[PDB]
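What follows is a single chain, given as structure tokens, in the form deposited in one PDB entry.
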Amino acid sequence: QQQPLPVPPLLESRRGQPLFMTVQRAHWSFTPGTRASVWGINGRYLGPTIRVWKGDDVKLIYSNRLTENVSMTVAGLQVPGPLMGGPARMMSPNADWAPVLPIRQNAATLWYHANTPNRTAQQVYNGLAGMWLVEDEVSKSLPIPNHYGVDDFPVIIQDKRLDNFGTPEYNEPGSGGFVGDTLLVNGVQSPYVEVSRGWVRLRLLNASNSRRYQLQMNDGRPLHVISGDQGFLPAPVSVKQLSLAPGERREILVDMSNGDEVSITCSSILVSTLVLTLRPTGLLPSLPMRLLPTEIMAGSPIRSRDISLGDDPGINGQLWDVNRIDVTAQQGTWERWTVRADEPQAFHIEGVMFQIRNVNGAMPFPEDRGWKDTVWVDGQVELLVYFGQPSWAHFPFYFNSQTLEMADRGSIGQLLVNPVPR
């Protein structure tokens, strides 16, 4: 018998007031199993789901109540380098950080997490992560499920290794990324979610240190993808197996009208491949033919770049160097980036949005044709990157392996985006 899917509380303003985020040990009552502690935001394991609106200027007030330094970031958020932030905006124990974020991007499922240099893998694993939703006029008008915690749920996936009491424990891997043998969704092992007989929206986010998931429905039906690291696809895409690498987000719609139960499923070997069970209640209450009003146009790349990742920490043969700018781009411009990895892993770029143009010389799958900020690289990919945000030498954007331990080990590069205007 599984436990109910925990629904992170929705944290939004509306009154132009600040969103308070206290990084702290989770309450025992939110901690599994019953001995070791875990972390989160505001007393929870993991954090609340933030919801903001395109056009808002949101005041975030972070407070660090942990015994070590913590820097927090919103992955996929389009803001200037100094607002990201990272090591230059790190919070010492008991200190705070109150940035004002100008939300200007389209609707998307983003996420926030600790990005403390050297401690990212451990801090995210410990529970320093949560979902971040951007809503806009488009998402508000779409005929899709949107009642948060009713027919629209966050699905935060993490693979862990539990101690003798059922509490996730971390052991730094000697090589590569951390891999667990137990799946947790929103902090619970293979939970179920009770839904009515209609469409349900799941916002899938891979918040694991390194594991890449290959998701499918246990009854063989297709997964109807509607987004989108950086937003909606032009129209829904129905796939049999969905890849979800660390840091990727995809929103799917599941039709529970048949009144039957359906589960999403995925050494190294997992104790269970059960991700989330959609348990019908018998209650009664398609999909849209188009999501985005326009399959948005991409610009002409003025330059190309080549990025190489491997089984050894570093990018392009170099470890991350805070003093070194690896790429200098011009804001408002487009570039073609070729990313290669002989050791399969996800790749993330801060301060941009990109469209995958080719995967190993072939077309990318439909679910991968919208705007993104994270990509699974197994061989080579070609990206059409847009630099819509500015950054500065001491507040650069990072591009990195999404394998958390690898990033911690130096698989990070620095991107300077000269401001336009200036």
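In this text, the rigid core denotes the largest set of C-alpha atoms whose superposition between the two forms falls within 1.5 Å. The first residue of the sequence shown is number 1, and the count goes up from there.
Keep in mind that the form deposited in another entry is not shown, yet the notes after this line are about it.
Original post:
Only one of 59, 394, 27, 65 shifts by 2 Å or more at CA between this form and the one not shown when the core is aligned; which is it?
Top reply: C-alpha shift of at least 2 Å: 27.
**OP:** With a shift of at least 3 angstroms, figure out whether the C-alpha spacing between residue 35 and residue 187 grows or shrinks in the other entry: closer or farther?
**Re:** Those two alpha carbons end up closer in the other entry.
Original post:
Closer or farther: how do the CA atoms of residue 189 and residue 28 lie in the other entry, compared with the form shown, if the change is at least 3 Å?
Top reply: They are closer; the C-alpha distance drops by 3 Å or more in the other entry.
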